[PDB]
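To begin, one chain is listed below as structure tokens, in the form deposited in one PDB entry.
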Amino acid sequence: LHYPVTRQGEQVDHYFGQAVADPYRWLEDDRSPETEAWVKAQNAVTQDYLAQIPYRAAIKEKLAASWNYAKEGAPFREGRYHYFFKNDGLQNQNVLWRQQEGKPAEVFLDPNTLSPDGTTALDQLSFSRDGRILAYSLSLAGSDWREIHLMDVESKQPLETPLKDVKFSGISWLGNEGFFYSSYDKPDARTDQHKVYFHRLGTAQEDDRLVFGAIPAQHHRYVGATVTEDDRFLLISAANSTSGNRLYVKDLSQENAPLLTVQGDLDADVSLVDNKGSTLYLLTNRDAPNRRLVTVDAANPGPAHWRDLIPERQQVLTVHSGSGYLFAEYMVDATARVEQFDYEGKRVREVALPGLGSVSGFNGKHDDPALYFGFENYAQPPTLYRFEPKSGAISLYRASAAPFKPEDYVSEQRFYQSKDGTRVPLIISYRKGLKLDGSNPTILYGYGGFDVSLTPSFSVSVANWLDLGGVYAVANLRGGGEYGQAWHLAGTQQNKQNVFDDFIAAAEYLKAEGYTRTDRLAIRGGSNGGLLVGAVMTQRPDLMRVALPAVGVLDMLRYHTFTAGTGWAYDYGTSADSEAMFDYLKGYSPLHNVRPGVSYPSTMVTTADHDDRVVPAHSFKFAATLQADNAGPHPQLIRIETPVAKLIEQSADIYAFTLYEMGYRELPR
């Protein structure tokens, strides 16, 4: 290869008396003319290399033809119609369709047609209790401001002039009288005092009644209002940030009832699930990190009176309700489990999900005859199922339109042992009919940090890899959130090496189990995941054939001084914290661990040319260093992105490069 020249400067940094040379310091300025010229030169070399791959065009063609496909959401009843969202695969915004008694479905509301480039988007939507009036909020380009439109459902015409100055607001109806919404400014100078207002249908917005937030004792940056399904209770949440909220309740069945305090401090998150009679069902993390579902009477709702209905477990709880049942959703070993409970807290059954993956749904009204839920995983595209609450019977409602036969793919979950004996989850997916003969082209992916949990999700790009004979393995490394705070912290600061060891052990396991072998293995990750790849490839360049670090944090001694670098500090620590933190960071920092004379695997570093999340500086200096130091015959390339078309192109280049570096002269067979 003919890499562009990368100038080496004389910058030298000092940490606790230790000097560290930074020859590519100038590449940290991604907008300088010199750096922009280098970016152009590097892309020219990468593109010329990729242009030599025989099957790149074929791979791109398959990706392009399978990328867009129609999608459909679950149907929901409002009045005498059933509504459901749909997207033809090309539309930028989902379309709301409607279908009655015995007629064909019709388009009801198409947000795309609301503007030229369709930069007017549909945000919140809420039907009056009788389903005859629809209130919906619309946004602009970026603007957080909203307008709430009111439509007569039967005629599809505007009922009143739209409400203006709405922001960070829900829409919740009180019967068919009107609805509650939030705004920083009186109807008729701006402040950060969010208020709840009630708009009564048939009146002007200027006459909307203030419900909460105006007096000093109610001043909060964010307030929300929800009316229970039976129109009995108004619940007002009030908060200053995403952490913790106060909550108040008002009994609408009583005349001029006062607000009672459900939670008067910001020490925990608490939200309304539903009510049964005067009993409130609340989901909270108060004294319960993994959350619990409690009940309390609305007449004396304080925390001291909350009683557990569904106690906190070792797994984080999410609650849904519908058809007179409560559904407790848990993430068990990174995948979904759903339990059906009655409102008295008695477990009815564990829902028989279609396998291990991710779910959505189980939301319905009290009287819904059936509930719908979505399911997907690495091997199965989004599919809708119908659930009969009484019997627990499940039936396929809508198969995916994605051009992939689900029965042709399989996914299994394994558990392997890391260096220190820790058991780690590993989900492996591939086309049915694979042989554990160690020859399968495999991509091992991981993240490992910031309490992020890697849960299964369908991706057209990954499905294309599987169709090529590839294996896709995802490891739930420490540092993530798969098993609570301990799993996370065990992958932070001076414990970061645990994450890398976990990933290294994942690669060894896949080989030992017969899935793949060194020259058929590629490792991939993005951001904290780019760091993962960069660290593992510099510690064990012998472990894999291909390395794919995307938008990685790679200079661990200076990441905190760059744009947005401070946010990564809780997990990593900085070179300025102490000499011990400095020494630990320098011990694994990918940039500082690349060594002259080492033979590195084939590498394709990827990054955009300008990025305020993870500055390009990381990838630029890392690629320059690999090109300067690599002694072996494998190419060290960087692909700098300067749209589905672009996503398709990126996936094609990566898979083409990966197969080509594995020695394939034609597509796998």
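When you see a residue number, it is the position in the sequence shown, counting from 1. Here, rigid core means the biggest group of C-alpha atoms that superpose within 1.5 Å across both forms.
Although it is not shown, the form deposited in another entry is what the next lines describe.
The one residue among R595, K432, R423, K365 whose Cα position changes by 2 Å or more between this form and the one not shown, with the core held fixed by superposition, is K365. In the core-superposed comparison between this form and the one not shown, the C-alpha atom of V471 has shifted by less than 2 angstroms.
Once both forms are fitted on their core, a CA shift of 2 Å or more is seen for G224 between this form and the one not shown. Relative to the superposed rigid core, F233 undergoes a CA displacement of at least 2 Å between this form and the one not shown.
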